[PDB]
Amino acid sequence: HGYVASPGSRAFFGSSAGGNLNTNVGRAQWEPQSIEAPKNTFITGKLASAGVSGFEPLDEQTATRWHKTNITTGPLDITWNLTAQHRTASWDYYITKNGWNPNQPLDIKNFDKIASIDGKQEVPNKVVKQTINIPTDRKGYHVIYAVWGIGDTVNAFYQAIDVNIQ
């Protein structure tokens, strides 16, 4: 169990630690660390919740529904916090393509992968800091999809992150 704390994930922003910058986020208010589903689950319109019971409110998609972190193109530091550390296979990062539609359900086919970090089947620390590159054809509102793949289970944790690139 874990979440992306910086830039705050959509679920994390639903919690008091995230400043309640998103309202009406279901289970994300209290347990943004709990978005666990099998690896390679990418159901259109169910990316933010990973299809998990109680996280449905996260799946709403409009241009103005969610709080964004202002970022630039180029390097971006990602910080995860793990409430329960697990042996790790992988960390994968995706971002919406230039020209995507922020008022349509999220579809992984409309993202590019932009980073992939091998977990080496080791147990990470409670705070994990990584740096990924935001491509320079992205401007304005985008969604980063951060995926922590567990080493000793068939599952992953899924973190949609709303950013405003300027």
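Heads up: residue numbers just count along the shown sequence, starting at 1.
- In this entry, 119-127 has the higher mean Cα B-factor, the comparison being between 132-140 and 119-127.
- Comparing C-alpha B-factors across 29, 33, 103, 49 in the deposited entry, the largest value falls on 103.
- Ranked within its chain, residue 9 lands in the lowest third, by CA B factor from the PDB record.
- For residue 42, the recorded CA B-factor ranks within the highest third of the chain. Only modelled residues enter the ranking.
- When the modelled residues of the chain are ordered by C-alpha B-factor, residue 71 sits in the highest third.
- In the PDB entry, a CA B factor belonging to the middle third of its chain's modelled residues is recorded for residue 113.
- When all modelled residues of the chain are sorted by CA temperature factor, residue 84 is found within the middle third.
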